[PDB]
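First, one chain by itself: the form deposited without the ligand, in structure tokens.
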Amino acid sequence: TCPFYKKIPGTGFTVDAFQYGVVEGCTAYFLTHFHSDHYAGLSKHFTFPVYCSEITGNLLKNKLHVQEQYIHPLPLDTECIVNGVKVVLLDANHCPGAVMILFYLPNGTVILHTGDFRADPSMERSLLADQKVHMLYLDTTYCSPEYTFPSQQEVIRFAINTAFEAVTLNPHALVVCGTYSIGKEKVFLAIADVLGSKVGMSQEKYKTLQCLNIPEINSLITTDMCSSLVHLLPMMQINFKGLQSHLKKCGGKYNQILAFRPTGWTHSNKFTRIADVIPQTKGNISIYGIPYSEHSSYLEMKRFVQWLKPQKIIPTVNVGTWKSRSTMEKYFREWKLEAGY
């Protein structure tokens, strides 16, 4: 059965609710982004209308084989009418094609559902600026002050400088980057760009990236591994055993691996500046964990919410435990008293 925090009251609508079978009363299923925890349940046999971005719709059609007649892509930043209700999709600063949804209810209530997001001050000048929001369905992934991490730009700077140094020192070093879902493409694209290489990957991953509307993508990626010195592999294989094995397969073209694991937050964030990050090393293989987040930090989330001044907040992440729920509710109250709404 569908939880309450996936239902939009006063509508026939649900958000990211594909794993409950037919939800009673649902006339239209929204999908915020193409991440498995959110799309779980969709397939070629799904027969209800799915509303989403152009990019999520490309992935539904090509990767999950959803039939085209049930895919309803909407433009961003544009007022659209769905089953008689005005809606707007806004960029979520998450993975490619990820959206926030604004719903203008028939009775005058305005609801913002953030999907998964990384809050940014640029959102303060989108269509949110123009009107009041009553209820906020909020991505609370990192809702606790211990969750600090650098900007995406600082992290990419570190990665580019690190890769360029290593390969200029040793022209026979291979760079590997871990992946398991869409998102975080900047990591591997910025590194291949500084090295003058395309990025090499499996056919299944190339197919996924070809759905993303990234400009000049045919220029940046390839399935010919032999021609590339930046390789993508599954995240599970970014360990000393799995990297050793991959190096065997390259046939003596290379004698060293420098690998990157873009994680979210890790506890080494509470002690270490990005500048000071060091790898784990075994022989001719080094592994960097880099804190490239596509969710809000605590301070970014706080700022967004204190700017929006919602009347009610409904968390969508960390809702399973009472300790989590109580922690989150205390921070919402702090924020409201400090800003005075």
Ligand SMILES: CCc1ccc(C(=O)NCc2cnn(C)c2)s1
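Don't overthink the numbering: it's just position in the shown sequence, from 1.
The form deposited with the ligand bound is left out here; the points below concern that form.
Put simply, residue 135 is close to the ligand in the deposited bound form: some heavy atom of it is within 4.5 Å.
In the deposited bound form, none of the heavy atoms of residue 78 sits within 4.5 Å of a heavy atom of the ligand.
Though the partner is left out of this view, residue 252 does not reach within 4.5 Å of the ligand in the deposited bound form, counting heavy atoms only. Contact check for residue 196: no non-hydrogen atom falls within 4.5 Å of the ligand in the deposited bound form.
Comment: the ligand is not present in this chain, but in the deposited bound form one of 107, 203, 227, 153 has a heavy atom within 4.5 Å of it, namely 107.
Note on the partner interface in the deposited bound form: the residue among 272, 67, 311, 62 having a heavy atom within 4.5 angstroms of the ligand is 311. Here the chain stands alone, but in the deposited bound form its contact with the ligand, taken as any heavy atom within 4.5 Å, falls in 107-115 among 80-88, 107-115, 156-164, 67-75.
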